[PDB]
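Since the structure comes first, as structure tokens, the remarks are kept for the end.
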Amino acid sequence: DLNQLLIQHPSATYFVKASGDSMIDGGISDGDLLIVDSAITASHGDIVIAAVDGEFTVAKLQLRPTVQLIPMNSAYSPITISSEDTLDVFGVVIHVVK
Amino acid sequence: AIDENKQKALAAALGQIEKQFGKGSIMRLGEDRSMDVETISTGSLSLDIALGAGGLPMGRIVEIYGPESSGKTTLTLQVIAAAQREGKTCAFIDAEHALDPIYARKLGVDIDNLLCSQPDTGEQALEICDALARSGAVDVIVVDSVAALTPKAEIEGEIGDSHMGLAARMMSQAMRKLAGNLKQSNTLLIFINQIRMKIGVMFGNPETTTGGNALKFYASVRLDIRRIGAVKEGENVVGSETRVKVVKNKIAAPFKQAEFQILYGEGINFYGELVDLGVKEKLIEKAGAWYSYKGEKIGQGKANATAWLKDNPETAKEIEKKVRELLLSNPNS
Amino acid sequence: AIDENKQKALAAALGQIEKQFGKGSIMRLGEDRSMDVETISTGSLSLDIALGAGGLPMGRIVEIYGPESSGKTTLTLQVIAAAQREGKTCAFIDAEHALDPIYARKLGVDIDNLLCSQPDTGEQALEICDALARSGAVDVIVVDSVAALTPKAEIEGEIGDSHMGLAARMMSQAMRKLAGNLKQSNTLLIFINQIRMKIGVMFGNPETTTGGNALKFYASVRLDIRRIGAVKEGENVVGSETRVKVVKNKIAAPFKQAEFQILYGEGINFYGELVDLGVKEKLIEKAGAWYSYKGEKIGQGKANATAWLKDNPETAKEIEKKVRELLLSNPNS
Amino acid sequence: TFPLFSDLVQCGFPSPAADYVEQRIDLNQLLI
DNA sequence: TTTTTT
Ligand SMILES: Nc1ncnc2c1ncn2[C@@H]1O[C@H](COP(=O)(O)OP(=O)(O)OP(O)(O)=S)[C@@H](O)[C@H]1O
Ligand SMILES: Nc1ncnc2c1ncn2[C@@H]1O[C@H](COP(=O)(O)OP(=O)(O)OP(O)(O)=S)[C@@H](O)[C@H]1O
Ligand SMILES: [Mg+2]
Ligand SMILES: [Mg+2]
């Protein structure tokens with residue numbers, strides 16, 4: 001049973017189709033499936049579904065030395081949570097299905 | 001030719017609208033006296049200065065919020081007393097069920113004329129406010145602790161039952177049905193709000209207000225009142241130092257701050273505000289800890305200066321009027 | 001042989017339709033001058049750039065929404081003032097009952113010529129807008145806070161009564177009855193919307209706008225205006241930093257953004273927008289914190305550059321024409 | 001049977017918007 | 001369609 005194998009909180013788990021290639025070094029590529037657990041609090045270094053200034057993004061969460069959203073691709077650049085930036089984390093990616 | 005036809009069509013449309021809906025349905029903004037902003041004193045001169053227009057606007061919605069024991073009820077009762085001193089009729093919807101009539105009387109509120117309601121449900125509270133606005137005989141209405149505006153379904157429910165956003169629905173509908181009635185009857189509706197915590201907020205203000213977002217949009221003036229210290233007569237704490245920050249203003253410039261003392265059993269220290277405003281406006285000279293008015297040394301320290309100024313009414317009124325014509329950006333007619 | 005018969009049949013059908021419904025009932029799209037997109041400035045040069053066509057389209061429907069105190073009414077009043085400077089007639093249907101005529105005058109609006117309506121119900125507001133559109137003498141109509149477009153049934157009802165989607169049906173019927181009238185009369189209808197929270201959203205934007213979904217479909221341009229900072233003169237907050245996102249655009253490319261400063265008592269900072277656009281278009285040199293034009297150091301910082309460009313109208317006009325010629329994708333005739 | 005939102009989340013750049021037209025499916029039918 | 005809650 002895959003549901004018992006991969007899902008801990010069935011009532012707070014949704015699937016997301018990945019787009020773009022800024023997470024390739026982190027194991028996420030364009031078209032992949034992202035299983036997101038919205039019932040668990042995000043931590044430093046976790047992979048999260050986040051929205052910056054109302055714009056949704058998949059990124060790695062860092063809280064030190066500053067709050068930022070960093071990708072896992074050398075081509076792309078980190079997103080720094082600047083003044084009047086509302087970083088809304090909508091869950092933590094727990095699994096990537098290719 | 002074309003301009004004349006356009007003017008004819010515009011006049012015909014205006015007449016049609018006036019016939020269909022009424023005389024005051026549509027008219028030019030310049031000659032609409034019902035849209036002029038009328039304000040009443042809030043009981044604090046510094047707050048009136050920070051509000052720009054001279055006080056809370058009549059016919060609008062005002063939200064006052066802050067932490068526990070920050071003086072929301074005291075400021076509201078001072079506003080009500082100031083309104084009643086002008087002959088207006090005020091109403092108090094005590095949804096928190098935590099009003100002390102004796103303390104309200106001690107602040108100067110005419111208890112015998114203040115309409116007090118302790119509604120069971122939030123719907124009952126908002127319907128009473130709507131009825132009082134529609135009557136037109138009430139000038140100031142206050143909803144104490146809209147956080148306590150619990151819906152009827154929540155009351156009839158159980159503890160732990162999830163009523164998800166029901167209070168938000170009820171409050172949004174209340175604003176929608178109340179804005180026009182308040183504007184029509186020229187009634188000031190003050191909503192008192194408590195501060196809750198936004199969990200999981202990493203960057204930003206972690207404090208939100210109860211009731212949803214409708215009050216944020218509909219309120220003409222939103223005041224964040226906080227206690228920043230204590231007023232001590234040596235040992236006993238006789239008052240509190242209060243800061244009011246105007247986080248929203250639809251009648252003047254926002255983000256101004258007002259600092260004043262709330263003395264227990266007396267209300268807002270008007271004379272202390274007078275001392276501070278005279279000092280700021282170069283009316284009262286301050287040499288270190290020594291305050292002086294026109295060379296005469298009046299006392300040592302803010303408390304002694306305030307006591308001096310209490311002991312004399314004449315230059316009290318003098319400094320008050322000078323400050324009022326100087327600092328007030330928008331003097332009321 | 002066959003093509004001639006087909007052409008004859010098509011011509012006969014076109015003539016029959018023209019006789020039945022009118023001269024302009026049907027015609028080739030290339031020779032239909034009424035379908036051309038005509039635009040008016042929004043009071044913000046960067047927003048005119050972001051809209052592609054140089055401003056909001058005439059004869060269409062535009063929705064403006066955002067959080068509280070984001071500048072919806074100020075942007076609308078700048079649009080109205082820009083229209084009135086061109087001789088157009090504008091109307092303001094304020095459902096919020098929270099319009100300040102003095103501030104509207106301070107933004108450049110001719111309050112002596114702006115039609116203002118305080119509708120009791122949403123149906124009354126939409127009927128007034130329909131009448132103004134059908135007149136053809138009004139160029140810009142604004143509905144303030146369609147969240148306040150309360151149905152008559154809800155007005156006559158009680159607080160807590162459930163009116164499921166009744167406002168949505170009223171808005172849908174209004175859009176259906178208004179689109180054709182606005183297109184025929186070349187009237188721009190701007191809808192101001194508030195933002196409500198969406199409960200139980202696992203993923204996606206948890207914010208909608210009041211009024212239902214018909215306004216989403218019928219709007220030619222939808223703007224999302226937000227306050228992303230404050231403009232400070234050292235200590236006092238004299239303005240707000242605003243970002244406007246064009247989330248929908250039927251006349252140009254969407255999702256373009258504009259940044260401008262809204263100054264209290266003045267409105268959108270046009271000269272700062274000129275500074276920023278000249279800097280972006282390699283017309284004003286920025287060396288760190290130093291702004292220079294053609295070698296001449298105009299000042300230090302955005303505020304000093306704006307003051308200098310205000311002090312020299314000739315160079316301001318020069319840079320304005322250069323920026324308008326260069327940046328504008330669709331320069332209006 | 002869990003939501004599979006129609007819109008795709010852009011990992012490269014912050015997506016302009018994220019509507020959530022919700023389609024629901026189970027893991028076993030989706031992968032096997 | 002409607003609207004947060006700690
Ligand atoms: N009857 C009273 N006599 C003397 N001091 C009082 C009395 N009631 C309140 N106070 C004090 O007056 C200050 C402000 O009181 P309030 O206006 O009730 O504060 P509040 O904003 O209403 O906060 P809440 O409603 O209790 S959560 C506090 O320091 C209180 O301790
Ligand atoms: N009369 C006024 N004098 C000075 N500043 C004002 C005035 N009215 C509004 N402002 C400020 O101008 C900015 C934009 O004002 P608005 O146009 O009313 O914003 P808004 O989008 O309409 O927000 P709402 O309608 O209250 S939800 C805000 O920072 C207001 O505080
Ligand atoms: Mg209270
Ligand atoms: Mg407004």
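To be explicit about the labels: the chains of the structure tokens are called A, B, and onward in the order shown, and within each one the residues are counted from 1, while ligands get numbers from 1 in the order they are shown.
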Legend entry - Nearby residues (only C-alpha atoms (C1' of nucleotides)) at most 10 Å from stretch 296-313 of chain B, same-chain spacing under 3 positions excluded, as a ChimeraX atom specification: /B:231-233,269-276,284-293,316-319
Inset, instruction - Would you give me, as a ChimeraX atom specification, the residues of chain A that come within 10 Å of chain C, using only C-alpha atoms? - result: /A:12-16,36-38,49-51,53-56,83-85,89-91
Inset, instruction - Looking only at alpha helix (DSSP H) from DSSP on the backbone, list the matching residues of stretch 141-282 of chain C as a ChimeraX atom specification. - result: /C:152-156,166-185,214-218,270-280
File dump, residues just selected, N, CA and C atoms, as a compact mmCIF listing (two decimals), in the first residue's frame:
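Saved result, selection21.txt, follows:
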# COMPACT_ATOMS: atom_id res chain seq x y z
N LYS C 152 -30.96 44.64 -2.44
CA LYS C 152 -32.10 45.21 -1.73
C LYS C 152 -32.68 44.21 -0.73
N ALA C 153 -32.71 42.93 -1.11
CA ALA C 153 -33.21 41.90 -0.19
C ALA C 153 -32.34 41.81 1.06
N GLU C 154 -31.02 41.90 0.90
CA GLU C 154 -30.14 41.87 2.05
C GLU C 154 -30.29 43.12 2.90
N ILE C 155 -30.50 44.28 2.27
CA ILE C 155 -30.72 45.51 3.02
C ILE C 155 -31.99 45.40 3.86
N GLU C 156 -33.07 44.89 3.26
CA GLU C 156 -34.31 44.73 4.00
C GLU C 156 -34.27 43.54 4.96
N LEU C 166 -26.51 35.76 -3.90
CA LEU C 166 -27.45 36.74 -4.43
C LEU C 166 -26.72 37.96 -4.98
N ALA C 167 -25.69 38.42 -4.27
CA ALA C 167 -24.85 39.49 -4.80
C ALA C 167 -24.14 39.05 -6.07
N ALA C 168 -23.73 37.78 -6.14
CA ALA C 168 -23.09 37.27 -7.35
C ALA C 168 -24.05 37.27 -8.53
N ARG C 169 -25.31 36.86 -8.32
CA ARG C 169 -26.28 36.90 -9.40
C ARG C 169 -26.57 38.34 -9.82
N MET C 170 -26.68 39.25 -8.85
CA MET C 170 -26.90 40.65 -9.19
C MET C 170 -25.75 41.21 -10.01
N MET C 171 -24.51 40.88 -9.63
CA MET C 171 -23.35 41.33 -10.39
C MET C 171 -23.32 40.72 -11.78
N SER C 172 -23.68 39.44 -11.92
CA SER C 172 -23.69 38.81 -13.23
C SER C 172 -24.71 39.47 -14.15
N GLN C 173 -25.92 39.73 -13.62
CA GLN C 173 -26.93 40.41 -14.42
C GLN C 173 -26.49 41.82 -14.77
N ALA C 174 -25.82 42.51 -13.84
CA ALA C 174 -25.31 43.84 -14.12
C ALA C 174 -24.27 43.82 -15.23
N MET C 175 -23.36 42.85 -15.20
CA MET C 175 -22.35 42.76 -16.25
C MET C 175 -23.00 42.48 -17.60
N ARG C 176 -23.98 41.57 -17.61
CA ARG C 176 -24.68 41.25 -18.85
C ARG C 176 -25.39 42.47 -19.43
N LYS C 177 -26.03 43.27 -18.57
CA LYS C 177 -26.75 44.44 -19.05
C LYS C 177 -25.85 45.64 -19.28
N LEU C 178 -24.60 45.60 -18.81
CA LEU C 178 -23.72 46.76 -18.87
C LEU C 178 -22.66 46.67 -19.96
N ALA C 179 -22.23 45.47 -20.34
CA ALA C 179 -21.14 45.35 -21.30
C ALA C 179 -21.49 46.03 -22.63
N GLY C 180 -22.65 45.69 -23.19
CA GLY C 180 -23.04 46.26 -24.47
C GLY C 180 -23.27 47.75 -24.40
N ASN C 181 -23.90 48.22 -23.32
CA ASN C 181 -24.14 49.65 -23.17
C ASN C 181 -22.83 50.43 -23.08
N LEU C 182 -21.88 49.92 -22.30
CA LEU C 182 -20.59 50.60 -22.17
C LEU C 182 -19.84 50.60 -23.49
N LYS C 183 -19.87 49.48 -24.22
CA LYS C 183 -19.19 49.45 -25.51
C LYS C 183 -19.83 50.41 -26.50
N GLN C 184 -21.16 50.48 -26.52
CA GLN C 184 -21.85 51.38 -27.43
C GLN C 184 -21.57 52.84 -27.10
N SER C 185 -21.55 53.18 -25.82
CA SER C 185 -21.40 54.57 -25.41
C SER C 185 -19.96 54.99 -25.18
N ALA C 214 -18.49 36.79 -12.36
CA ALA C 214 -18.81 37.46 -13.61
C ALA C 214 -17.88 38.63 -13.87
N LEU C 215 -17.49 39.35 -12.81
CA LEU C 215 -16.57 40.46 -12.97
C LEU C 215 -15.20 39.99 -13.44
N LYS C 216 -14.80 38.77 -13.06
CA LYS C 216 -13.54 38.22 -13.55
C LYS C 216 -13.58 38.03 -15.06
N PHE C 217 -14.70 37.51 -15.58
CA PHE C 217 -14.79 37.24 -17.02
C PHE C 217 -14.98 38.52 -17.82
N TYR C 218 -15.83 39.43 -17.34
CA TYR C 218 -16.21 40.59 -18.14
C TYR C 218 -15.19 41.72 -18.10
N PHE C 270 4.23 61.47 -10.07
CA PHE C 270 4.55 61.36 -11.49
C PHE C 270 6.02 61.64 -11.76
N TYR C 271 6.59 62.63 -11.08
CA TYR C 271 7.97 63.03 -11.37
C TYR C 271 8.96 61.94 -10.95
N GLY C 272 8.69 61.26 -9.83
CA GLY C 272 9.51 60.12 -9.47
C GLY C 272 9.43 59.00 -10.48
N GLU C 273 8.24 58.79 -11.05
CA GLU C 273 8.09 57.82 -12.13
C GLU C 273 8.92 58.21 -13.33
N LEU C 274 8.93 59.51 -13.67
CA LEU C 274 9.76 59.99 -14.76
C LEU C 274 11.24 59.75 -14.47
N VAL C 275 11.67 60.00 -13.23
CA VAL C 275 13.05 59.74 -12.84
C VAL C 275 13.40 58.27 -13.06
N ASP C 276 12.55 57.38 -12.55
CA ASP C 276 12.83 55.95 -12.64
C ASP C 276 12.86 55.49 -14.10
N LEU C 277 11.92 55.95 -14.91
CA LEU C 277 11.88 55.53 -16.31
C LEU C 277 13.05 56.09 -17.10
N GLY C 278 13.47 57.32 -16.82
CA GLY C 278 14.65 57.86 -17.47
C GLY C 278 15.92 57.12 -17.08
N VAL C 279 16.01 56.72 -15.81
CA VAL C 279 17.15 55.93 -15.36
C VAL C 279 17.16 54.57 -16.06
N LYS C 280 15.99 53.94 -16.17
CA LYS C 280 15.92 52.63 -16.81
C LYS C 280 16.26 52.71 -18.30
Inset, instruction - Would you kindly return, as JSON, numbers by chain, each protein, DNA or RNA residue with an atom no farther than 7 Å from any atom of stretch 12-22 of chain D, considering only C-alpha atoms (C1' of nucleotides) and excluding same-chain residues fewer than 2 positions away? - result: {"A": [20, 21, 22, 55, 56, 57], "C": [203, 204, 205, 255], "D": [3, 4, 5, 6, 7, 9, 10, 24]}
Ligand 4: which residues are within 7 Å, counting only C-alpha atoms (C1' of nucleotides) and all ligand atoms? Reply as an mmCIF file with N, CA, C and O atoms, in the first residue's frame.
data_model
loop_
_atom_site.group_PDB
_atom_site.id
_atom_site.type_symbol
_atom_site.label_atom_id
_atom_site.label_comp_id
_atom_site.auth_asym_id
_atom_site.auth_seq_id
_atom_site.Cartn_x
_atom_site.Cartn_y
_atom_site.Cartn_z
ATOM 1 N N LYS C 72 -6.508 52.038 -3.842
ATOM 2 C CA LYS C 72 -7.475 51.865 -4.920
ATOM 3 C C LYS C 72 -8.200 53.170 -5.222
ATOM 4 O O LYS C 72 -8.304 53.587 -6.382
ATOM 5 N N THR C 73 -8.704 53.836 -4.182
ATOM 6 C CA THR C 73 -9.449 55.074 -4.386
ATOM 7 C C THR C 73 -8.545 56.187 -4.901
ATOM 8 O O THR C 73 -8.965 56.993 -5.735
ATOM 9 N N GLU C 96 -19.136 52.514 -0.716
ATOM 10 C CA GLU C 96 -18.553 52.446 0.620
ATOM 11 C C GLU C 96 -19.042 53.562 1.529
ATOM 12 O O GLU C 96 -18.919 53.439 2.752
ATOM 13 N N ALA C 98 -17.594 56.344 1.908
ATOM 14 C CA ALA C 98 -16.361 56.742 2.577
ATOM 15 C C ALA C 98 -15.492 57.578 1.650
ATOM 16 O O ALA C 98 -14.279 57.365 1.548
ATOM 17 N N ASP C 144 -17.229 52.243 -6.279
ATOM 18 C CA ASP C 144 -16.300 52.063 -5.171
ATOM 19 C C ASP C 144 -16.739 50.891 -4.303
ATOM 20 O O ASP C 144 -17.863 50.876 -3.792
ATOM 21 N N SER C 145 -15.814 49.962 -4.056
ATOM 22 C CA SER C 145 -16.104 48.823 -3.144
ATOM 23 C C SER C 145 -17.357 48.061 -3.561
ATOM 24 O O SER C 145 -18.382 48.207 -2.881
#
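The two atoms in question, atom CA of residue C:146 and atom CA of residue C:91, are spaced 15.2 Å apart.
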Inset, instruction - Return the single residue from C:47, C:164, C:253, C:221 that is closest to chain E, with distances computed using only C-alpha atoms (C1' of nucleotides). - result: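 Comparing C:47, C:164, C:253, C:221 against chain E, the winner is C:164.
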